[PDB]
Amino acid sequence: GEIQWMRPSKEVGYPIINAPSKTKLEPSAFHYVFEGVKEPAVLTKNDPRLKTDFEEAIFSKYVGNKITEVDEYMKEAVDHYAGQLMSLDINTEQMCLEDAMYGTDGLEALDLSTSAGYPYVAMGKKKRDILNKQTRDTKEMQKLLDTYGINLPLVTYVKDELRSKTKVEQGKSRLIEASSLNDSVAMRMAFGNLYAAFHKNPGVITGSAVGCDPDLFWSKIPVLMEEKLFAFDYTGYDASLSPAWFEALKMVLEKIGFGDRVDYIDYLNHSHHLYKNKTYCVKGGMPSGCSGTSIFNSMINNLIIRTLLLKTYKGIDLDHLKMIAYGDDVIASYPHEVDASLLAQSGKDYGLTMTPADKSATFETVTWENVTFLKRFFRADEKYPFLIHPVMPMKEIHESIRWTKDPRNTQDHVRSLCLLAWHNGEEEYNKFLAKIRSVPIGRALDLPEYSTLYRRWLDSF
């Protein structure tokens, strides 16, 4: 994905849009109790901890476009993935304006607590003003759509989130693209019934984990995979995608019944953004923040992966591929072992930078013991070996607990980390409750007992 230009937006009659200049993350009651190497992310160029040109670091990810042409391997990939989806019987009609705004089975309402994007952002206009959950009124949304139409530009923001040291020093903050409310509504009428089907069908048919619950889904996964695993992450996913893959997606969409709205994918593939004072244009790259981000990412991942198998392993039977993706994050399997270092190598050709799922340096043989998906390991219970624990490392839970965006949230936050930690077992969960209680405010919280969590888990089956 590549940047086509940049100019003060004044010079094209777009407003200047300046976001906050401070992190909302303050150190936690438990800041010294537990340890961590993570600090809040760079939000502005004038950030002391910076050891590089910020704005060159944030846009650094647009590494350009390798391919533009759907080659023969991508086509068979497209052919195979789409045939898979065909079995889901995905209703291919537009979704009515009411359900696109307000939600329906498989599709949540629009988040009323996030902004309406351009132009509303610059008019001091909010989704709340426009949307009414109680009435489900589409009248005013229709007016605005009539008035401002679609394909509006996306307002760029740096995510306020925790970040490692190298990433605070190399100014590697993550960038989100504020989709316009008009385009979310438009995107969801076109595609609501597709999003819905994906949400309802986590697993190896969709090749997507969107809609899953790790506490319950970890027990499904090993039974769904083939005998040997391989797994991946990608460096800069959204921004590493060339238009070739977007065409491939368009072709998939056409094949399953969405031919008429495949043009929405071009607005994704060639997009315009507003960032502080500038205004820029990108070709290729996923505008992370647009409706469908997760679905389209995960769908493309399924294409990418089929492609490389076809190109690296002649006579590979894709009907024995079993893979689950969450955006770039993927765990995959095949009846016989495959070499992720080779697949990755071929990957390099289509513009992809592929890694082990943990962003380790070198690929290892992937086993039910080392594999990770969404950061969690897999660990059979000791009493019931068919039930599998999603095991998130305490290291991650330690990082989280050390900060707060608001201290009035400590009960919920810390309680929520308990529902992740106890999968590390009683001995480690109980040591956790120790440290939390090693200070006054901890002893204020209502934390659940290992046995309560264990009984809920088992009962939940």
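From 1 onward, residues are counted along the sequence shown. What we label the rigid core is the largest C-alpha set whose atoms superpose within 1.5 Å from one form to the other.
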Higher C-alpha RMS shift from the shown form in 5 other deposited structures of this protein - 349 to 357 or 137 to 145, rigid core fit: 349 to 357
Between 103 to 111 and 226 to 234, the one whose CA atoms sit farther away in 5 other deposited structures of this protein (rigid core aligned): 226 to 234
Entry-level comparison of average CA B-factors, 32 to 40 and 421 to 429, reporting the higher stretch: 32 to 40
Greater mean Cα temperature factor according to the PDB record, 320 to 328 or 161 to 169: 161 to 169
Residue of maximum C-alpha B factor among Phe198, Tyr73, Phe230, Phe296, per deposited coordinates: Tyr73
Top residue by Cα temperature factor, when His389, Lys359, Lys375, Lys250 are compared in the entry: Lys359
Record-listed C-alpha B factor of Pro407: chain third: middle
Lowest, middle or highest third - CA B-factor, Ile16: highest
CA B-factor ranking of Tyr280, expressed as a third of its chain: highest
For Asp215, the third of its chain into which the C-alpha B factor falls: lowest
Third assignment of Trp5 from its chain's C-alpha B-factors: highest
